[PDB]
């Protein structure tokens, strides 16, 4: 059994009294709903308030989310309930605290008394000319424009980041990683850190453009999109690796599908169309996250159909990830908990078998492991499609779930 939970949103750093402190009061509801892993925000000092422009990595006390003692208390509470803690690891880029003689911010400070992470421009990809001194290796991946990109090919960098990562586990108690902007460095570099730190899981955020047509909607065929993600997993180590990816293919397709285009939820081979359909064990599915949803709203799930999104990911193969706001602030807490209970009670896992029974514009009906049937869509009556022996156990706006 495995169900992830994003424990924050874009506005979290603003929480009165501290985000982690408030989260102590949410622990029991999260665990009781069947969540196994909670993804927490970048915990270090950041030039930006949300944490994605990290500087002094060991300086946890400078985080807008709360200090090291407050974070420890939270993870301890999650552990007290059998819930693991995932840390958002932002290492593609980093901000240096001080300017060098060129007037460039490239003198880094790790946050400890000695020199760990006290890097200089030699650790910045030479092709990131805005900050480098031209001496480093070329970036192994994409560049993050607003900050110095790190040369993960550098010996000291790999050594010190790995040391920092092991510390996040030993000192704070973190169990796993969420690899931010994994497009920024090669899967080979991600393998160093994953293999080198033994996280329970390491979910990579590789987010690439999804092909669309003249009308702005994603093409029905998204194989190129999931192939890219599958390729990342293969390169990082495949089945043996703790590495996996967020299923952005499923997110993009589902976004469109629920607007009466449920025929999009099956590929020509009869499989789910997202990463879920090719490598379910490595597909972390979701309805929205802090970028796509929340206040950034980069690619929000149709607001009036969010529960169809959960009825879908919570009953299907792949590892579902619930978003904080959807659980506590949209009034779906009991419905979402009920869906997780059905998943768990039926032994459904990331590798369960999926048999799609109907895939028409306004009606998607699928059967999982021959034990659960789920339906989403504006079409009310799908009774004729329901196999004998099944009876409703959960239902809501345009969705219903059956059990034997």
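Residue numbers count along the first chain shown, from 1.
Stretch exceeding the other in mean C-alpha B-factor - 256 to 264, 101 to 109: Here the higher of the two C-alpha B-factor means belongs to 101 to 109.
Comparing 151 to 159 with 111 to 119, the one whose average Cα B-factor in the PDB entry is higher: Mean C-alpha B-factor is greater for 111 to 119.
Peak C-alpha temperature factor (PDB record), options 357, 376, 354, 38: Going by the entry's C-alpha B-factors, 357 comes out highest.
Of the residues 216, 318, 274, 309, the one carrying the largest Cα B-factor as recorded: Out of 216, 318, 274, 309, the record gives the largest C-alpha B-factor to 216.
Third of the chain's Cα B-factor distribution that residue 48 belongs to, per the entry: Its C-alpha B-factor, which the entry lists for residue 48, ranks in the middle third among residues of this chain.
For residue 24, the third of its chain into which the C-alpha B factor falls: Lowest third - that is where residue 24 ends up once the chain's C-alpha B-factors are sorted.
Assigned third (lowest, middle, highest) for the C-alpha B factor of residue 67: Its C-alpha B-factor, which the entry lists for residue 67, ranks in the middle third among residues of this chain.
Third of chain Cα B-factors occupied by residue 245: Within its chain, residue 245 is a middle-third residue by C-alpha B-factor, going by the deposited values.
CA B-factor ranking of residue 285, expressed as a third of its chain: Lowest third, going by the recorded CA B-factors of the chain.
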